[PDB]
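Structure data (mmCIF, C-alpha atoms and all ligand atoms) from structure08.cif:
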```
data_structure
loop_
_atom_site.group_PDB
_atom_site.id
_atom_site.type_symbol
_atom_site.label_atom_id
_atom_site.label_comp_id
_atom_site.auth_asym_id
_atom_site.auth_seq_id
_atom_site.Cartn_x
_atom_site.Cartn_y
_atom_site.Cartn_z
ATOM 1 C CA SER A 3 -194.356 -77.950 -64.098
ATOM 2 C CA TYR A 4 -195.198 -76.327 -60.778
ATOM 3 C CA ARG A 5 -196.843 -78.477 -58.133
ATOM 4 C CA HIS A 6 -200.593 -78.410 -57.591
ATOM 5 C CA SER A 7 -201.648 -78.433 -53.954
ATOM 6 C CA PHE A 8 -205.113 -78.743 -52.423
ATOM 7 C CA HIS A 9 -203.917 -77.342 -49.079
ATOM 8 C CA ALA A 10 -201.663 -74.494 -50.266
ATOM 9 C CA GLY A 11 -202.705 -71.027 -49.097
ATOM 10 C CA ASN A 12 -204.999 -72.352 -46.339
ATOM 11 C CA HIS A 13 -205.518 -70.435 -43.088
ATOM 12 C CA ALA A 14 -202.397 -72.113 -41.670
ATOM 13 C CA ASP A 15 -200.362 -70.744 -44.593
ATOM 14 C CA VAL A 16 -201.788 -67.256 -44.032
ATOM 15 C CA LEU A 17 -200.704 -67.201 -40.406
ATOM 16 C CA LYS A 18 -197.308 -68.849 -40.938
ATOM 17 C CA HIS A 19 -196.332 -66.670 -43.871
ATOM 18 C CA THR A 20 -197.644 -63.542 -42.178
ATOM 19 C CA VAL A 21 -195.358 -64.249 -39.193
ATOM 20 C CA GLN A 22 -192.427 -65.235 -41.439
ATOM 21 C CA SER A 23 -192.759 -61.985 -43.395
ATOM 22 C CA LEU A 24 -192.894 -59.795 -40.268
ATOM 23 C CA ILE A 25 -189.851 -61.517 -38.756
ATOM 24 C CA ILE A 26 -187.987 -60.981 -42.031
ATOM 25 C CA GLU A 27 -189.058 -57.339 -42.211
ATOM 26 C CA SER A 28 -187.711 -56.869 -38.663
ATOM 27 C CA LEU A 29 -184.352 -58.450 -39.453
ATOM 28 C CA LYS A 30 -184.043 -56.146 -42.498
ATOM 29 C CA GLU A 31 -183.932 -53.144 -40.148
ATOM 30 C CA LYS A 32 -180.172 -53.771 -39.682
ATOM 31 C CA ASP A 33 -177.780 -53.563 -42.650
ATOM 32 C CA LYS A 34 -175.695 -56.640 -41.790
ATOM 33 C CA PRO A 35 -176.621 -59.866 -43.599
ATOM 34 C CA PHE A 36 -178.692 -62.612 -42.052
ATOM 35 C CA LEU A 37 -179.452 -66.203 -42.943
ATOM 36 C CA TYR A 38 -182.897 -67.601 -43.736
ATOM 37 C CA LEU A 39 -182.940 -71.322 -42.886
ATOM 38 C CA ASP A 40 -185.962 -73.433 -44.021
ATOM 39 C CA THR A 41 -185.711 -76.957 -42.581
ATOM 40 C CA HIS A 42 -188.645 -78.302 -44.665
ATOM 41 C CA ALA A 43 -188.970 -76.117 -47.746
ATOM 42 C CA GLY A 44 -191.494 -77.945 -49.947
ATOM 43 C CA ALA A 45 -191.742 -77.194 -53.643
ATOM 44 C CA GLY A 46 -191.389 -73.434 -53.577
ATOM 45 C CA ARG A 47 -194.708 -72.386 -55.153
ATOM 46 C CA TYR A 48 -198.070 -73.965 -55.771
ATOM 47 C CA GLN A 49 -200.588 -73.899 -58.588
ATOM 48 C CA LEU A 50 -204.024 -73.236 -57.104
ATOM 49 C CA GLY A 51 -207.438 -74.672 -57.952
ATOM 50 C CA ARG A 57 -213.781 -73.872 -57.424
ATOM 51 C CA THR A 58 -211.946 -76.066 -54.877
ATOM 52 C CA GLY A 59 -208.795 -75.894 -52.782
ATOM 53 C CA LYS A 60 -208.264 -74.777 -49.184
ATOM 54 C CA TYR A 61 -207.031 -71.414 -50.488
ATOM 55 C CA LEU A 62 -210.650 -70.312 -50.956
ATOM 56 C CA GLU A 63 -210.990 -70.218 -47.151
ATOM 57 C CA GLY A 64 -207.482 -68.846 -46.701
ATOM 58 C CA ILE A 65 -205.480 -66.393 -48.795
ATOM 59 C CA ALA A 66 -208.435 -65.778 -51.126
ATOM 60 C CA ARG A 67 -210.335 -64.190 -48.203
ATOM 61 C CA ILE A 68 -207.357 -61.937 -47.393
ATOM 62 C CA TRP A 69 -205.359 -60.823 -50.402
ATOM 63 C CA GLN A 70 -207.805 -58.456 -52.105
ATOM 64 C CA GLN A 71 -209.208 -56.837 -48.928
ATOM 65 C CA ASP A 72 -208.989 -53.052 -49.126
ATOM 66 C CA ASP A 73 -208.789 -52.732 -45.340
ATOM 67 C CA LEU A 74 -205.487 -54.589 -45.155
ATOM 68 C CA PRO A 75 -203.590 -53.855 -41.914
ATOM 69 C CA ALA A 76 -200.186 -52.360 -42.648
ATOM 70 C CA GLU A 77 -198.477 -55.399 -41.071
ATOM 71 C CA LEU A 78 -199.670 -57.692 -43.935
ATOM 72 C CA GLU A 79 -198.540 -55.440 -46.787
ATOM 73 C CA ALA A 80 -195.166 -57.175 -47.239
ATOM 74 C CA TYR A 81 -196.692 -60.656 -47.234
ATOM 75 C CA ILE A 82 -199.649 -59.822 -49.497
ATOM 76 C CA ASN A 83 -197.282 -57.914 -51.749
ATOM 77 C CA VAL A 84 -195.335 -61.134 -52.393
ATOM 78 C CA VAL A 85 -198.565 -62.995 -53.200
ATOM 79 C CA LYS A 86 -199.588 -60.215 -55.590
ATOM 80 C CA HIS A 87 -196.127 -60.338 -57.262
ATOM 81 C CA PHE A 88 -196.904 -63.934 -58.287
ATOM 82 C CA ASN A 89 -200.460 -63.123 -59.446
ATOM 83 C CA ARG A 90 -200.110 -59.826 -61.314
ATOM 84 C CA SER A 91 -203.216 -60.183 -63.463
ATOM 85 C CA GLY A 92 -205.461 -60.121 -60.376
ATOM 86 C CA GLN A 93 -206.606 -63.766 -60.543
ATOM 87 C CA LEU A 94 -205.533 -65.887 -57.585
ATOM 88 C CA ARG A 95 -203.535 -68.565 -59.417
ATOM 89 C CA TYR A 96 -200.225 -69.033 -57.594
ATOM 90 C CA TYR A 97 -199.318 -69.301 -53.950
ATOM 91 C CA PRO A 98 -195.673 -68.728 -52.888
ATOM 92 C CA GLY A 99 -194.273 -71.206 -50.393
ATOM 93 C CA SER A 100 -192.032 -70.015 -47.576
ATOM 94 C CA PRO A 101 -188.823 -70.247 -49.703
ATOM 95 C CA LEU A 102 -190.294 -67.816 -52.249
ATOM 96 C CA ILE A 103 -191.554 -65.395 -49.631
ATOM 97 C CA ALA A 104 -187.973 -65.410 -48.356
ATOM 98 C CA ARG A 105 -186.623 -65.158 -51.905
ATOM 99 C CA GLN A 106 -188.652 -62.020 -52.596
ATOM 100 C CA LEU A 107 -188.219 -60.295 -49.205
ATOM 101 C CA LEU A 108 -184.504 -60.903 -48.506
ATOM 102 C CA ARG A 109 -181.907 -58.432 -49.755
ATOM 103 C CA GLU A 110 -178.808 -58.906 -51.923
ATOM 104 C CA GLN A 111 -176.564 -59.443 -48.900
ATOM 105 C CA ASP A 112 -178.710 -62.034 -47.062
ATOM 106 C CA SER A 113 -178.551 -65.826 -47.485
ATOM 107 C CA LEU A 114 -181.075 -68.649 -47.858
ATOM 108 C CA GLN A 115 -180.496 -72.291 -46.854
ATOM 109 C CA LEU A 116 -183.362 -74.608 -47.904
ATOM 110 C CA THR A 117 -183.767 -78.348 -47.446
ATOM 111 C CA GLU A 118 -186.439 -80.652 -48.837
ATOM 112 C CA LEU A 119 -186.279 -84.453 -48.800
ATOM 113 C CA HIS A 120 -189.257 -85.344 -51.002
ATOM 114 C CA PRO A 121 -187.860 -86.378 -54.420
ATOM 115 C CA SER A 122 -190.827 -84.855 -56.229
ATOM 116 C CA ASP A 123 -190.469 -81.446 -54.617
ATOM 117 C CA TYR A 124 -186.664 -81.083 -54.390
ATOM 118 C CA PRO A 125 -186.068 -80.619 -58.155
ATOM 119 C CA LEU A 126 -188.773 -77.968 -58.284
ATOM 120 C CA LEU A 127 -187.262 -76.283 -55.224
ATOM 121 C CA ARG A 128 -183.805 -76.327 -56.831
ATOM 122 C CA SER A 129 -184.909 -74.626 -60.053
ATOM 123 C CA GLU A 130 -186.494 -71.803 -57.998
ATOM 124 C CA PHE A 131 -182.969 -70.786 -56.873
ATOM 125 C CA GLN A 132 -180.925 -71.988 -59.855
ATOM 126 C CA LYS A 133 -179.823 -68.398 -60.599
ATOM 127 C CA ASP A 134 -179.775 -67.111 -56.996
ATOM 128 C CA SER A 135 -176.219 -66.864 -55.673
ATOM 129 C CA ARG A 136 -177.612 -66.093 -52.202
ATOM 130 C CA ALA A 137 -179.393 -69.423 -51.870
ATOM 131 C CA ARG A 138 -178.412 -73.049 -51.370
ATOM 132 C CA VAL A 139 -180.864 -75.937 -51.729
ATOM 133 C CA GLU A 140 -180.091 -79.353 -50.224
ATOM 134 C CA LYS A 141 -181.860 -82.719 -50.383
ATOM 135 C CA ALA A 142 -181.326 -83.333 -46.687
ATOM 136 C CA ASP A 143 -183.252 -84.002 -43.498
ATOM 137 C CA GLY A 144 -184.321 -80.643 -42.112
ATOM 138 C CA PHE A 145 -183.894 -81.408 -38.408
ATOM 139 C CA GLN A 146 -180.215 -82.268 -38.964
ATOM 140 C CA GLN A 147 -179.679 -78.763 -40.364
ATOM 141 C CA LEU A 148 -180.241 -77.244 -36.897
ATOM 142 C CA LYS A 149 -176.911 -78.876 -35.946
ATOM 143 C CA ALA A 150 -175.025 -78.601 -39.210
ATOM 144 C CA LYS A 151 -175.908 -75.071 -40.338
ATOM 145 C CA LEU A 152 -175.906 -73.106 -37.082
ATOM 146 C CA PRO A 153 -174.574 -70.600 -36.219
ATOM 147 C CA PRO A 154 -174.708 -68.815 -39.577
ATOM 148 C CA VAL A 155 -171.493 -67.105 -40.608
ATOM 149 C CA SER A 156 -173.457 -63.846 -40.496
ATOM 150 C CA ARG A 157 -174.486 -64.556 -36.867
ATOM 151 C CA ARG A 158 -178.031 -63.324 -37.725
ATOM 152 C CA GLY A 159 -181.008 -65.408 -38.767
ATOM 153 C CA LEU A 160 -184.569 -66.633 -39.029
ATOM 154 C CA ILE A 161 -184.908 -70.421 -38.847
ATOM 155 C CA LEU A 162 -188.323 -71.776 -39.903
ATOM 156 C CA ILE A 163 -189.034 -75.300 -38.671
ATOM 157 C CA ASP A 164 -192.078 -76.499 -40.603
ATOM 158 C CA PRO A 165 -192.288 -80.286 -40.743
ATOM 159 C CA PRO A 166 -195.289 -82.189 -42.145
ATOM 160 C CA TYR A 167 -196.338 -83.710 -38.780
ATOM 161 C CA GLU A 168 -197.328 -86.833 -40.696
ATOM 162 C CA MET A 169 -195.185 -88.866 -38.287
ATOM 163 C CA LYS A 170 -196.108 -88.135 -34.664
ATOM 164 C CA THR A 171 -192.387 -88.151 -33.833
ATOM 165 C CA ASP A 172 -192.361 -84.726 -35.537
ATOM 166 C CA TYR A 173 -193.759 -83.320 -32.302
ATOM 167 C CA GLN A 174 -190.646 -84.407 -30.378
ATOM 168 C CA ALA A 175 -188.074 -83.791 -33.126
ATOM 169 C CA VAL A 176 -189.080 -80.119 -33.453
ATOM 170 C CA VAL A 177 -188.313 -79.548 -29.763
ATOM 171 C CA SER A 178 -185.014 -81.411 -29.593
ATOM 172 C CA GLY A 179 -184.008 -79.793 -32.875
ATOM 173 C CA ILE A 180 -184.907 -76.368 -31.502
ATOM 174 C CA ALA A 181 -182.758 -77.045 -28.420
ATOM 175 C CA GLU A 182 -179.884 -78.273 -30.626
ATOM 176 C CA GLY A 183 -179.849 -75.181 -32.816
ATOM 177 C CA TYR A 184 -180.478 -72.826 -29.908
ATOM 178 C CA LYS A 185 -177.366 -73.941 -28.000
ATOM 179 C CA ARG A 186 -175.358 -73.107 -31.130
ATOM 180 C CA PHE A 187 -177.093 -69.873 -32.116
ATOM 181 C CA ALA A 188 -178.782 -68.464 -29.057
ATOM 182 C CA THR A 189 -179.708 -65.041 -30.506
ATOM 183 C CA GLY A 190 -181.387 -66.434 -33.629
ATOM 184 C CA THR A 191 -185.122 -66.209 -34.231
ATOM 185 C CA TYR A 192 -186.677 -69.670 -34.451
ATOM 186 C CA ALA A 193 -190.190 -69.972 -35.885
ATOM 187 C CA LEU A 194 -191.971 -73.301 -35.374
ATOM 188 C CA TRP A 195 -195.205 -73.994 -37.233
ATOM 189 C CA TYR A 196 -197.533 -76.536 -35.629
ATOM 190 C CA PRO A 197 -201.063 -77.790 -36.383
ATOM 191 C CA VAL A 198 -203.842 -78.527 -33.867
ATOM 192 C CA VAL A 199 -205.380 -81.888 -34.688
ATOM 193 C CA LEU A 200 -205.567 -83.349 -31.195
ATOM 194 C CA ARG A 201 -205.043 -80.679 -28.523
ATOM 195 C CA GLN A 202 -203.341 -83.278 -26.289
ATOM 196 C CA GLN A 203 -200.542 -83.462 -28.900
ATOM 197 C CA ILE A 204 -199.875 -79.729 -28.550
ATOM 198 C CA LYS A 205 -199.993 -79.608 -24.749
ATOM 199 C CA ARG A 206 -197.335 -82.331 -24.714
ATOM 200 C CA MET A 207 -195.122 -80.552 -27.257
ATOM 201 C CA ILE A 208 -195.415 -77.256 -25.396
ATOM 202 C CA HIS A 209 -194.636 -78.978 -22.088
ATOM 203 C CA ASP A 210 -191.504 -80.454 -23.677
ATOM 204 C CA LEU A 211 -190.531 -76.944 -24.834
ATOM 205 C CA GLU A 212 -190.852 -75.552 -21.296
ATOM 206 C CA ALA A 213 -188.752 -78.527 -20.144
ATOM 207 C CA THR A 214 -185.810 -77.215 -22.181
ATOM 208 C CA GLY A 215 -185.833 -74.087 -20.033
ATOM 209 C CA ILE A 216 -185.337 -71.912 -23.114
ATOM 210 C CA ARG A 217 -186.551 -68.347 -22.620
ATOM 211 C CA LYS A 218 -188.449 -65.846 -24.772
ATOM 212 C CA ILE A 219 -190.925 -68.225 -26.415
ATOM 213 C CA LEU A 220 -194.021 -66.536 -27.900
ATOM 214 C CA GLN A 221 -197.105 -68.417 -29.128
ATOM 215 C CA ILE A 222 -199.357 -67.183 -31.947
ATOM 216 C CA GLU A 223 -202.349 -69.413 -32.602
ATOM 217 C CA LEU A 224 -205.315 -69.008 -34.973
ATOM 218 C CA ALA A 225 -208.206 -71.481 -34.664
ATOM 219 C CA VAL A 226 -211.022 -71.690 -37.227
ATOM 220 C CA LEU A 227 -213.052 -74.147 -35.111
ATOM 221 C CA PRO A 228 -212.907 -75.232 -31.465
ATOM 222 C CA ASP A 229 -210.672 -78.127 -30.508
ATOM 223 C CA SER A 230 -212.142 -81.417 -31.696
ATOM 224 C CA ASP A 231 -211.409 -85.137 -31.555
ATOM 225 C CA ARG A 232 -212.881 -85.835 -34.973
ATOM 226 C CA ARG A 233 -212.265 -82.977 -37.423
ATOM 227 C CA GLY A 234 -208.586 -82.983 -38.316
ATOM 228 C CA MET A 235 -206.679 -79.710 -38.163
ATOM 229 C CA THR A 236 -208.938 -77.133 -36.483
ATOM 230 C CA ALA A 237 -206.104 -74.673 -35.748
ATOM 231 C CA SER A 238 -202.434 -74.010 -36.431
ATOM 232 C CA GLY A 239 -199.838 -71.883 -34.722
ATOM 233 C CA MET A 240 -196.405 -70.295 -34.732
ATOM 234 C CA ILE A 241 -194.012 -70.587 -31.770
ATOM 235 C CA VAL A 242 -191.246 -67.972 -31.948
ATOM 236 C CA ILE A 243 -188.030 -68.081 -29.934
ATOM 237 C CA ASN A 244 -186.418 -64.639 -29.696
ATOM 238 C CA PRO A 245 -189.216 -62.795 -31.544
ATOM 239 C CA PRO A 246 -188.268 -59.330 -32.771
ATOM 240 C CA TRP A 247 -189.438 -56.812 -30.204
ATOM 241 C CA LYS A 248 -192.279 -55.501 -32.411
ATOM 242 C CA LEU A 249 -193.693 -58.950 -33.211
ATOM 243 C CA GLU A 250 -196.056 -59.322 -30.261
ATOM 244 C CA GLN A 251 -197.690 -55.926 -30.769
ATOM 245 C CA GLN A 252 -197.864 -56.533 -34.538
ATOM 246 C CA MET A 253 -199.666 -59.835 -33.953
ATOM 247 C CA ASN A 254 -202.045 -58.200 -31.452
ATOM 248 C CA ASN A 255 -202.865 -55.763 -34.291
ATOM 249 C CA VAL A 256 -203.478 -58.220 -37.157
ATOM 250 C CA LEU A 257 -204.617 -61.422 -35.428
ATOM 251 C CA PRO A 258 -208.263 -60.379 -34.782
ATOM 252 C CA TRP A 259 -208.378 -59.031 -38.343
ATOM 253 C CA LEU A 260 -207.116 -62.309 -39.768
ATOM 254 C CA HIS A 261 -209.610 -64.235 -37.649
ATOM 255 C CA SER A 262 -212.436 -61.897 -38.677
ATOM 256 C CA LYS A 263 -211.775 -62.360 -42.392
ATOM 257 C CA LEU A 264 -210.858 -66.047 -42.261
ATOM 258 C CA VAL A 265 -213.744 -67.117 -39.992
ATOM 259 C CA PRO A 266 -216.870 -64.928 -40.403
ATOM 260 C CA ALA A 267 -218.913 -67.268 -38.180
ATOM 261 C CA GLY A 268 -216.630 -66.457 -35.249
ATOM 262 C CA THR A 269 -215.728 -70.040 -34.346
ATOM 263 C CA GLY A 270 -212.367 -70.802 -32.768
ATOM 264 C CA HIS A 271 -210.110 -68.070 -31.449
ATOM 265 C CA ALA A 272 -206.909 -66.114 -32.091
ATOM 266 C CA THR A 273 -204.355 -65.517 -29.328
ATOM 267 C CA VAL A 274 -200.873 -64.140 -28.649
ATOM 268 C CA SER A 275 -199.303 -65.271 -25.389
ATOM 269 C CA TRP A 276 -195.973 -66.144 -23.812
ATOM 270 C CA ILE A 277 -195.176 -69.793 -23.329
ATOM 271 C CA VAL A 278 -191.933 -68.599 -21.647
ATOM 272 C CA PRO A 279 -191.179 -64.858 -21.290
ATOM 273 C CA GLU A 280 -187.716 -63.256 -21.233
HETATM 274 N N1 LIG B 1 -201.715 -82.191 -45.734
HETATM 275 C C1 LIG B 1 -200.936 -81.476 -46.702
HETATM 276 N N2 LIG B 1 -200.463 -82.101 -47.777
HETATM 277 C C2 LIG B 1 -199.739 -81.455 -48.685
HETATM 278 N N3 LIG B 1 -199.459 -80.171 -48.544
HETATM 279 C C3 LIG B 1 -199.897 -79.469 -47.487
HETATM 280 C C4 LIG B 1 -200.654 -80.107 -46.519
HETATM 281 N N4 LIG B 1 -200.957 -79.188 -45.577
HETATM 282 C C5 LIG B 1 -200.422 -78.029 -45.937
HETATM 283 N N5 LIG B 1 -199.776 -78.181 -47.093
HETATM 284 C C6 LIG B 1 -199.058 -77.129 -47.859
HETATM 285 O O1 LIG B 1 -197.471 -77.435 -47.931
HETATM 286 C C7 LIG B 1 -197.254 -77.217 -46.431
HETATM 287 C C8 LIG B 1 -195.773 -77.518 -45.944
HETATM 288 N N6 LIG B 1 -194.744 -77.497 -47.002
HETATM 289 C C9 LIG B 1 -194.405 -78.794 -47.654
HETATM 290 C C10 LIG B 1 -195.472 -79.908 -47.617
HETATM 291 C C11 LIG B 1 -195.204 -80.931 -46.499
HETATM 292 N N7 LIG B 1 -195.974 -82.163 -46.727
HETATM 293 C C12 LIG B 1 -197.049 -82.638 -45.811
HETATM 294 N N8 LIG B 1 -197.355 -83.936 -45.801
HETATM 295 C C13 LIG B 1 -198.320 -84.409 -45.004
HETATM 296 N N9 LIG B 1 -199.030 -83.630 -44.188
HETATM 297 C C14 LIG B 1 -198.782 -82.309 -44.137
HETATM 298 C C15 LIG B 1 -197.779 -81.770 -44.949
HETATM 299 N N10 LIG B 1 -197.760 -80.437 -44.688
HETATM 300 C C16 LIG B 1 -198.681 -80.173 -43.763
HETATM 301 N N11 LIG B 1 -199.299 -81.296 -43.399
HETATM 302 C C17 LIG B 1 -200.434 -81.306 -42.376
HETATM 303 O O2 LIG B 1 -201.779 -81.941 -42.828
HETATM 304 C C18 LIG B 1 -202.354 -80.878 -41.867
HETATM 305 C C19 LIG B 1 -203.859 -80.541 -42.174
HETATM 306 O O3 LIG B 1 -203.706 -79.677 -43.307
HETATM 307 C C20 LIG B 1 -201.926 -81.258 -40.710
HETATM 308 O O4 LIG B 1 -202.587 -82.444 -40.184
HETATM 309 C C21 LIG B 1 -200.357 -81.666 -41.140
HETATM 310 O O5 LIG B 1 -200.201 -83.116 -40.915
HETATM 311 C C22 LIG B 1 -193.516 -76.964 -46.325
HETATM 312 C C23 LIG B 1 -192.896 -75.879 -47.220
HETATM 313 C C24 LIG B 1 -192.441 -74.610 -46.470
HETATM 314 N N12 LIG B 1 -192.076 -74.838 -45.085
HETATM 315 C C25 LIG B 1 -193.592 -73.638 -46.601
HETATM 316 O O6 LIG B 1 -193.923 -72.884 -45.625
HETATM 317 O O7 LIG B 1 -194.196 -73.621 -47.719
HETATM 318 C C26 LIG B 1 -197.868 -76.081 -46.126
HETATM 319 O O8 LIG B 1 -197.149 -74.852 -46.251
HETATM 320 C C27 LIG B 1 -199.127 -76.031 -47.257
HETATM 321 O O9 LIG B 1 -198.860 -74.927 -48.178
#
```
In structure tokens, how does this file's structure come out?
Ligand SMILES: Nc1ncnc2c1ncn2[C@@H]1O[C@@H](CN(CCCNc2ncnc3c2ncn3[C@H]2O[C@@H](CO)[C@@H](O)[C@H]2O)CC[C@H](N)C(=O)O)[C@@H](O)[C@H]1O
Amino acid sequence: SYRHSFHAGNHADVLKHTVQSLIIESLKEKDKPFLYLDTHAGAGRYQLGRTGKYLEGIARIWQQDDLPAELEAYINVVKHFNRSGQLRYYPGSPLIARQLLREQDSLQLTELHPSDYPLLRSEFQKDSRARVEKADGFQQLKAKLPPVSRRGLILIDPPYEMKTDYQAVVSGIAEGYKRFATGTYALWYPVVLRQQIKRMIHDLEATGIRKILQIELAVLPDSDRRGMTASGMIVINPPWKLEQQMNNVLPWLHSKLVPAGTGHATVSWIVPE
């Protein structure tokens, strides 16, 4: 039976999966196959619920009739999994990739958690494009790159339960980048303590890697006491349209996700070309 999740479809999920969908839609503009690599893939999909963070996330987005055209692909995948019109299922990143990728493209998904891996495996049991491995995700940035197709989106989306996640993401990014330097790397991060993020970003600059874009949506100002008040996406080699797309949808997302106007929503270069 599909996993229940209290956090699935929260504002962080809306931003991450928005960005994942747009990157994927950009890579589909060329006929040649690409790889979708998901270092930390989770269960695949989530049974929702009135409680659950989704009420303040995807529920405030998916039935809006002023949807910016940039969200259509993402929201269309959510609708696919809730055809009766009642918000009951949220697709994880592997399923957004499963629905958006074409016949020719490939998926490589790892999940270590023994409760989620078997669910994740059955989601691709009949999909000859996809492989699912019970492996450490960070190790995949060495073992699976470059893809044979030499095109790809790599999503690095660890739990950040262990504070070492903030260093592993960066060294893993540098490991994969040396091997596949034209790939698009998307790193999801949460803002719990802002000092954590300043250090991680400083470590990313220290690698010298170029073309690093930062997309961050905050539902409250930085705090010392309130858990995750913001999340972001850091994109190495973003498709050329991504920055203008995010400038278009980010204020909209913030408007609908945070009526009170707390927090912020920003697109900026950590490191330009
Ligand atoms: N706290 C959570 N617990 C369980 N599920 C959660 C939680 N937060 C979000 N999710 C949902 O699974 C998420 C990710 N997914 C698998 C679940 C990974 N396991 C987690 N373990 C402990 N803490 C987690 C976890 N995930 C986020 N946190 C965070 O807790 C934050 C506040 O929220 C921060 O402090 C941070 O520590 C990856 C699948 C794939 N890459 C995809 O994109 O789906 C995410 O997508 C969301 O849907």
For this session: List the residues selected by the PyMOL selection byres (((not hetatm)) within 6 of (chain B and resi 1)) in the file shown, writing them as JSON, numbers by chain.
Result: {"A": [9, 10, 11, 15, 42, 43, 44, 99, 100, 164, 166, 167, 168, 197, 235]}
For this session: Using the chain letters and residue numbers of this document, give as an NGL selection string the residues selected by the PyMOL selection byres (((chain A and resi 72-87) around 7) and not hetatm).
Result: :A and (19-20 or 23 or 69-71 or 88-90 or 97-98 or 103 or 106 or 252 or 256)
Exercise. Nearest to residue 60 (chain A): which of A:232, A:264, A:137, A:213 is it, counting all atoms listed in the file?
Worked result: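 Ranked by minimum distance to residue 60 (chain A), first place goes to A:264.
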For this session: Could you tell me how far CA of residue 188 (chain A) lies from CA of residue 107 (chain A), in Å and to one decimal?
Result: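 Distance between the two atoms: 23.7 Å.
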For this session: For each of A:157, A:206, A:133, A:186, take the minimum atom-to-atom distance to residue 173 (chain A), counting all atoms listed in the file, then give the residue where this is smallest.
Result: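 Ranked by minimum distance to residue 173 (chain A), first place goes to A:206.
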Exercise. Within 9 Å of residue 190 (chain A), counting all atoms listed in the file, which residues qualify if same-chain residues fewer than 2 places away don't, as a list in words?
Worked result: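 Counting only the stated atoms, we get residues 153, 157, 158, 159, 160, 161, 183, 184, 187, 188, 192, 243, 244 and 245 of chain A.
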Problem set entry | Interatomic distance, CA of residue 223 (chain A) to CA of residue 177 (chain A) (Å, one decimal) |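 Here the two named atoms are 17.5 Å from each other.
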For this session: Would you kindly translate the PyMOL selection byres (((chain A and resi 36) around 9) and not hetatm) into the concrete residues it picks from this file, as a list in words?
Result: residues 29, 30, 34, 35, 37, 38, 108, 111, 112, 113, 114, 154, 155, 156, 157, 158, 159 and 160 of chain A
Exercise. Which residue out of A:210, A:124, A:50, A:39 has the minimum interatomic distance to residue 136 (chain A) when only C-alpha atoms are used?
Worked result: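 Closest residue, counting only C-alpha atoms: A:39.
Atom pair CA of residue 41 (chain A) / CA of residue 182 (chain A): separated by 13.4 Å.
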For this session: Please write as a PyMOL selection string the list of polymer residues whose atoms come within 7 Å of (-195.4, -70.3, -23.2), counting all atoms listed in the file and keeping to the coordinates of the file.
Result: chain A and resi 219-221+275-278
Problem set entry | Residue among A:180, A:279, A:267, A:258 lying closest to residue 218 (chain A), counting only C-alpha atoms | A:279
For this session: Return the single residue from A:26, A:169, A:16, A:176 that is closest to residue 248 (chain A), with distances computed using all atoms listed in the file.
Result: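 Result for the nearest residue to residue 248 (chain A): A:26.
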Exercise. Looking at only C-alpha atoms, which of A:118, A:250, A:33, A:280 is the one that sits closest to residue 144 (chain A)?
Worked result: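 Comparing A:118, A:250, A:33, A:280 against residue 144 (chain A), the winner is A:118.
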Which polymer residues, whether protein, DNA or RNA, lie within 6 Å of the coordinate (-216.0, -61.6, -36.6) when you count all atoms listed in the file? List them as a CSV table (one decimal) with C-alpha atoms, keeping the file's coordinate frame, using the chain letters and numbers from the file.
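Final output, point11.csv:
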```csv
chain,number,residue,atom,x,y,z
A,262,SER,CA,-212.4,-61.9,-38.7
A,266,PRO,CA,-216.9,-64.9,-40.4
A,268,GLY,CA,-216.6,-66.5,-35.2
```
Atom completion result for region 123-129 of chain A (N, CA, C and O atoms) as an mmCIF file, keeping the file's coordinate frame:
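Okay, this is what ended up in selection_0.cif:
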```
data_model
loop_
_atom_site.group_PDB
_atom_site.id
_atom_site.type_symbol
_atom_site.label_atom_id
_atom_site.label_comp_id
_atom_site.auth_asym_id
_atom_site.auth_seq_id
_atom_site.Cartn_x
_atom_site.Cartn_y
_atom_site.Cartn_z
ATOM 1 N N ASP A 123 -190.514 -82.879 -54.849
ATOM 2 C CA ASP A 123 -190.469 -81.446 -54.617
ATOM 3 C C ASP A 123 -189.056 -80.866 -54.714
ATOM 4 O O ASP A 123 -188.902 -79.709 -55.121
ATOM 5 N N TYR A 124 -188.025 -81.623 -54.342
ATOM 6 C CA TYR A 124 -186.664 -81.083 -54.390
ATOM 7 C C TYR A 124 -186.284 -80.515 -55.754
ATOM 8 O O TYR A 124 -185.814 -79.370 -55.805
ATOM 9 N N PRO A 125 -186.471 -81.215 -56.875
ATOM 10 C CA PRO A 125 -186.068 -80.619 -58.155
ATOM 11 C C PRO A 125 -186.811 -79.340 -58.476
ATOM 12 O O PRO A 125 -186.230 -78.427 -59.070
ATOM 13 N N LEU A 126 -188.095 -79.248 -58.124
ATOM 14 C CA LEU A 126 -188.773 -77.968 -58.284
ATOM 15 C C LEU A 126 -188.130 -76.911 -57.403
ATOM 16 O O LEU A 126 -187.871 -75.797 -57.857
ATOM 17 N N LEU A 127 -187.838 -77.256 -56.145
ATOM 18 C CA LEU A 127 -187.262 -76.283 -55.224
ATOM 19 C C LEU A 127 -185.902 -75.803 -55.716
ATOM 20 O O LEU A 127 -185.562 -74.623 -55.577
ATOM 21 N N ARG A 128 -185.123 -76.700 -56.318
ATOM 22 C CA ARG A 128 -183.805 -76.327 -56.831
ATOM 23 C C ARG A 128 -183.901 -75.325 -57.976
ATOM 24 O O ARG A 128 -183.153 -74.343 -58.011
ATOM 25 N N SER A 129 -184.811 -75.547 -58.926
ATOM 26 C CA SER A 129 -184.909 -74.626 -60.053
ATOM 27 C C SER A 129 -185.371 -73.233 -59.632
ATOM 28 O O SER A 129 -185.065 -72.264 -60.333
#
```
